[PDB]
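J.: Quick one: experimental structure and sequence below.
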Amino acid sequence: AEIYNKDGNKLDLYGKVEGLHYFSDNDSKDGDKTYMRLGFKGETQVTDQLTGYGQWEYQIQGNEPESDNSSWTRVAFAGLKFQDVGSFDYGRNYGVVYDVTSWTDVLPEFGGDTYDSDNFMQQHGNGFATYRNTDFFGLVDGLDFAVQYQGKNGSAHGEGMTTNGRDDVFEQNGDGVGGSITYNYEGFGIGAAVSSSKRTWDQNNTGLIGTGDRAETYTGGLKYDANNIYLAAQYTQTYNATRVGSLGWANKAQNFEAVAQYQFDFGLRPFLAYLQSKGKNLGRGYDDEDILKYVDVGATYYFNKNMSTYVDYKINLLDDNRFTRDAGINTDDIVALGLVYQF
Amino acid sequence: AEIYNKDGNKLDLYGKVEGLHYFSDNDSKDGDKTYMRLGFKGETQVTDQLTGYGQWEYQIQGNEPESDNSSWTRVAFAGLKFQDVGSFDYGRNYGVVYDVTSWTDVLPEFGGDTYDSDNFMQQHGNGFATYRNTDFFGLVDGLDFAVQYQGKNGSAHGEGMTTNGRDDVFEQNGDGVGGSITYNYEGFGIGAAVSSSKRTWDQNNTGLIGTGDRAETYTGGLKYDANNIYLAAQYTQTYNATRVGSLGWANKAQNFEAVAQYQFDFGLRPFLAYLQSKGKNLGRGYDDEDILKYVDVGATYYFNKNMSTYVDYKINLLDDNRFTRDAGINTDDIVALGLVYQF
Amino acid sequence: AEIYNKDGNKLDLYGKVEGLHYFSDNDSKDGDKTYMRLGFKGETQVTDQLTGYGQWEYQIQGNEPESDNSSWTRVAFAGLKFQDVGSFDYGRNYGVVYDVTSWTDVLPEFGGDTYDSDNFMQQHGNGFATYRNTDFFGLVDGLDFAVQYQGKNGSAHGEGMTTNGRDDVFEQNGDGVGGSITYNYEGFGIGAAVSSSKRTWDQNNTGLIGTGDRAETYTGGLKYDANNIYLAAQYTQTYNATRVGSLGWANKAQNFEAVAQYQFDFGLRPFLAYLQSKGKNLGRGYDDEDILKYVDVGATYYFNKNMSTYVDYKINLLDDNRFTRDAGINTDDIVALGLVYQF
């Protein structure tokens, strides 16, 4: 909610308390999942044409006791924007792939999980330099695109090191470039997006599966957003990029998400989503196994734009087996019951 | 301080910097205790009758250096409220027992410590579902009550596990129900409150004292709040619920706190409190020993509703002995010097 | 940006997103250095004369992934202020030495690093009680001064312990007193400042170099601030107070910083700084070596008071040798590219 607007700078301070509770046969995915977010979108007029902006967002768990209380920055970036030319923003942001793949990330809790956080240029991530251009230089009303770069983010110990290095390997990444082209018109929306990132010495030489020189992503996506209806699906194919449990990555992964939502006038918005992450010849005695697969059906009710509540039912179609145990991939169902104030 | 109020949504963003310093013979309870809090109470009108709300509050220590900086969520919950029916809010909140026992938690720093944080349904805690009803459905102007449930909050390792599980044992809890009934009229206030919680496998089978199937609490409380005067005391009896050092819990504990405060017009508010936590036949070669006992006298001065400063003198009546050493219970005095801005 | 001003209390909620990236031959000092700050300055009128205030400031790194996210309180203090008498504020604040030495801390990223954080009374630090007096009781328009005390801040383990104790040794400190006297007139500014702190048992008896009973600081400083020009330099001599790598402290250190900045009307503000930290007979087979030495030249461009961007070039004049390796002192160059929104 915009709490400052004066002399051309304006500041919107925003957040939510999500009273969330998971139900499951799985004890590790069962209990209070209450959390809270807090951020600000900032903005300043420099000229007619040029406008500068900042943006921050933190997440703080509220399911944890007075000792440990895990919490983290989600996005943090600053940048400029010139009329009919483009915009450029450096910091922790969304990777360019998300531009397309996010169109299926519309469920209230689950969904949009064929990618992880800090998973190369696939979703959230540190040190994205991002050019974007809306309406193609003000000529084609609808055609937006982006050209993104991500600096190497290696380890803390000597070999393959950066100042911000992380000792976790899945969070690591190398130098990558990615692109996106989206077009919207009368609700309908085509979307292509291609990334390609270098990999760290640690990533290949921890002895994990699905190793190579480069992690690469291809992404097609279609959506329809009109007349109370949101239909959208997407194809994302990856080489050595999709995470596979703790075992490593998938040499090749064929990922597909599809969602159908209708908004009733009184407040209810039921959904019926479906996900899939088929991992092709992974090697090391597994071969063509499914990394993820579930149907997801529930409904959000909207009291208004400040209060909401929802049920979300993950129907996990994965069978229990060695691949789904060695990797440690939850094969059980989960049901989330959310009740959320925001501002 | 309410920084947003518009079209029925309103947001109050609040906090304080407490410049605090402990003096003591105990080196562990001596030094800078400076800390800071920040939260928001949120609120939105949905209808004439229905109003929805959120609330958050963090605490961040300011006595610590640039490396470690410990800090945590205190309360984080969302919920609805319907006129003359009640209110329901899920998240980290106060346990229902606090409804009564908080009437003695009126001292500036010490006091209100016959309960801990995440100590079952006794004070702060994760995953409270809480029904409340003010003025008994708008019929009896004075009679308020509550019906509270708390989900199991076990460990992180396999046996007795939840998604939010903590490896600390005192912070753990099981499924519990609790109630409260308070009545106020012309200042005077009766208050009863009863909780009863299941216990974790770890809690019984870490070999600590005062173990059982259930932790249970009984609480009576009386207060008088008028004519510059605040008199209030309370009785809280517990089975296997009160913490006793690091040794475990007290099979039975008889807890009593009493406070007397007077507010002078210029700003000074002296107090004279007294606490007691008599632990009855605890077992394991201790028997009837005192878990806590101190007289507490100081005074808060109020410059105004934004600035305040105070002295707080803990006169610890506990003697030094095996029970008060094995358990590791501070037998020494403490004096706090607070100087506090807030907003 | 002041988001609350009402009935004499006013609250300014402020922060920035600094899109920062280090370039260097050093891998440890190379990568995304994106971070964010958030604080509030608070203030309340009590009387004509008396005014009470609070202040907080947190820093949260945005170069790190969803698991670890390091962040800390920078300053947190409350205090009162009476017209023509003085002001007194207890909490994590700046040490009194900074009063003078901060006049060289005017560069956009580097500079002001002959002192560390929690480095006795030299810069940031916990538990400063600070008296200050502006314009010498309203008599001499220009002469400001301060009298500061810092409580012992030892370790967490038994010997030399405080409630806030830190297991790091360089962050530790003992009881210290410090002073400052500054005088400004027509831009020109003389400044003297002297501190003297007790040391912890751990500090001497971890076997590190430059050990003694007391860490002491002497500080002279001169500045000129007018006609788009900022010229300022400073001398800081220390006994057993300046940190020297991981090896310990410098028995004696002769520190000097000098800066020259010009503000062009359109927005550019180039600078040309120079630093030096000559460590005299340190002992343990090193003798007179340089602890730090670099020339620093770049330029900040100011779009306006909300957006800015800059380049900052550390030209490290230190040679690579045993002292600069055993201590582990970066001998390499660094170049910072900042782009910063704030509010």
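T.: Looks like it arrived, so ask away. Numbering: from 1, shown residues only, chains lettered A, B, ... in the order given.
J.: residue ranges of the strands in the stretch 51-200 of chain A, please?
T.: Along the stretch 51-200 of chain A, the segments classed as strands by DSSP state E, counting those that start in this stretch run A:71-82, A:86-94, A:124-133, A:143-150, A:176-185, A:188-198.
J.: Now render these as TSV, adding mean neighbour count and distance to chain B.
T.: Placement of C-beta: from N, CA and C, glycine included. Shown next, in TSV, are the strands of the stretch 51-200 of chain A (neighbours: other C-beta atoms under 10 Å in any protein chain shown; distance: least, C-beta to the nearest C-beta, whole Å):
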stretch	mean neighbour count	distance to chain B
strand A:71-82	22	8
strand A:86-94	23	20
strand A:124-133	22	21
strand A:143-150	19	28
strand A:176-185	19	30
strand A:188-198	19	31
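J.: Export those strands to TSV and append columns for distance to residue A:245.
T.: Output for the strands of the stretch 51-200 of chain A, formatted as TSV (distance: least, C-beta to C-beta, whole Å):
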stretch	distance to residue A:245
strand A:71-82	22
strand A:86-94	24
strand A:124-133	20
strand A:143-150	24
strand A:176-185	23
strand A:188-198	21
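J.: Please name whichever of those is nearest to residue C:180.
T.: Smallest distance to residue C:180 across the strands of the stretch 51-200 of chain A (C-beta to C-beta): 34.7 Å, for strand A:71-82.
J.: Using CSV, write out every CA atom in stretch A:41-52.
T.: What follows is stretch A:41-52, C-alpha atoms only, in CSV (Å, rounded to 0.1, in the frame of the first residue of the first chain):
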residue,chain,number,x,y,z
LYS,A,41,8.4,-1.0,-4.6
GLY,A,42,10.0,2.4,-5.0
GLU,A,43,10.0,4.9,-7.9
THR,A,44,11.3,8.3,-8.7
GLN,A,45,10.7,10.6,-11.7
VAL,A,46,14.0,11.9,-13.1
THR,A,47,12.5,13.4,-16.3
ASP,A,48,9.6,13.1,-18.7
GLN,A,49,11.2,10.1,-20.2
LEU,A,50,13.6,8.7,-17.5
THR,A,51,12.2,7.1,-14.3
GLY,A,52,14.3,5.3,-11.7
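J.: Let me know whether it sits next to chain C.
T.: Yes - Stretch A:41-52 reaches chain C (C-beta under 8 Å from any C-beta of the partner chain) through A:42, A:44, A:46, A:50, A:52.
J.: Narrow those to just the buried residues.
T.: In terms of neighbour count (16 or more other C-beta atoms under 10 Å in any protein chain shown), the buried residues within the residues of stretch A:41-52 next to chain C are A:42, A:44, A:46, A:52.
J.: The second one and residue A:6 touch, don't they?
T.: No - proximity of residue A:44 to residue A:6 does not meet the contact threshold set by C-beta atoms under 8 Å, at 10.9 Å.
J.: picking that back up, include distance to chain C when you put the strands of the stretch 51-200 of chain A into a markdown table, please.
T.: A markdown table is the format used below for these (distance: least, C-beta to the nearest C-beta, whole Å):
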| stretch | distance to chain C |
| --- | --- |
| strand A:71-82 | 3 |
| strand A:86-94 | 4 |
| strand A:124-133 | 3 |
| strand A:143-150 | 9 |
| strand A:176-185 | 13 |
| strand A:188-198 | 14 |
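J.: Out of those strands, the one nearest residue B:303 is which?
T.: Checking these against residue B:303 by C-beta to C-beta gives strand A:71-82 as the closest, at 33.6 Å.
J.: Can you show me the CA trace of stretch A:170-186 as PDB?
T.: The C-alpha coordinates for stretch A:170-186 follow below in PDB (Å, rounded to 0.1, in the frame of the first residue of the first chain):
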ATOM      1  CA  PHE A 170      22.400 -26.400  -6.500                       C
ATOM      2  CA  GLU A 171      22.300 -22.700  -5.600                       C
ATOM      3  CA  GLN A 172      25.500 -22.200  -7.600                       C
ATOM      4  CA  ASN A 173      25.700 -21.000 -11.200                       C
ATOM      5  CA  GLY A 174      28.100 -19.700 -13.800                       C
ATOM      6  CA  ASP A 175      27.900 -16.900 -16.400                       C
ATOM      7  CA  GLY A 176      24.700 -17.200 -18.400                       C
ATOM      8  CA  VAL A 177      22.700 -15.400 -21.000                       C
ATOM      9  CA  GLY A 178      18.900 -15.700 -21.600                       C
ATOM     10  CA  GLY A 179      16.200 -14.200 -23.600                       C
ATOM     11  CA  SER A 180      12.400 -13.900 -23.700                       C
ATOM     12  CA  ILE A 181       9.800 -12.700 -26.200                       C
ATOM     13  CA  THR A 182       6.100 -12.400 -25.200                       C
ATOM     14  CA  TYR A 183       3.200 -11.100 -27.200                       C
ATOM     15  CA  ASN A 184      -0.300 -10.300 -25.900                       C
ATOM     16  CA  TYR A 185      -3.400  -9.400 -27.800                       C
ATOM     17  CA  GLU A 186      -7.100  -9.700 -26.800                       C
END
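J.: Return the distance of that stretch from the chain's centre.
T.: Centroid separation for stretch A:170-186 versus its chain: 11 Å, with C-alpha atoms, centre = their mean, to the nearest Å.
J.: can you check stretch A:195-205 too?
T.: Per C-alpha atoms, centre = their mean, the centroid offset for stretch A:195-205 relative to its chain is 20 Å.
J.: residue contacts, residue A:112?
T.: Contact analysis of residue A:112 by C-beta atoms under 8 Å, 6 or more residues apart in numbering or on different chains lists A:101-102, A:104-106, A:257.
J.: Among those residues, which pair sits farthest apart?
T.: Among those, A:101 and A:106 lie farthest apart (C-beta to C-beta), at 11.3 Å.
J.: The two: which is more packed in?
T.: residue A:101 (27 against 19; other C-beta atoms under 10 Å in any protein chain shown).
J.: what sits against the more buried one?
T.: Neighbours of residue A:101 in contact, by C-beta under 8 Å, 6+ apart: A:112, A:114-115, A:122-123, A:193, A:219, A:221, A:234, A:236, A:257.
J.: okay, which residue is most central for chain A?
T.: residue A:123 (4.1 Å; C-alpha atoms, centre = their mean).
J.: Just to check, residue A:151 is in contact with residue C:22?
T.: No - counting by C-beta under 8 Å, residue A:151 stays clear of residue C:22, with 10.2 Å between them.
J.: hey, what's in contact with both of these two?
T.: Contacts common to residue A:151 and residue C:22, judged by C-beta under 8 Å, 6+ apart, are residue C:31.
J.: So which residues on the stretch 101-250 of chain A come close to chain C?
T.: Close to chain C, as judged by C-beta under 8 Å from any C-beta, the stretch 101-250 of chain A has residues A:117-118, A:124-127, A:151-153, A:161-166, A:168, A:171.
J.: Quick one: buried ones out of these?
T.: Judged by 16+ other C-beta under 10 Å, buried ones among these: A:118, A:124-127, A:151-153, A:161-166, A:171.
J.: Report the two of these separated the most.
T.: With C-beta to C-beta as the measure, no two of these lie farther apart than A:124 and A:161, at 22.0 Å.
J.: just to revisit the earlier point, and the contacts of residue A:101, which is closest to chain C?
T.: residue A:123 (9.9 Å; C-beta to the nearest C-beta).
J.: Now do that closest one against residue A:74, distance only.
T.: Counting by C-beta to C-beta, to the nearest Å, the gap from residue A:123 to residue A:74 is 10 Å.
J.: What of residue A:36?
T.: Distance of residue A:36 to residue A:74, computed by C-beta to C-beta: 12 Å.
J.: Overlap in contacts, those two.
T.: residue A:59.
J.: Tell me how many other residues crowd residue A:316.
T.: By other C-beta under 10 Å, the residues close to residue A:316 number 23.
J.: Thanks a lot, see you next time.
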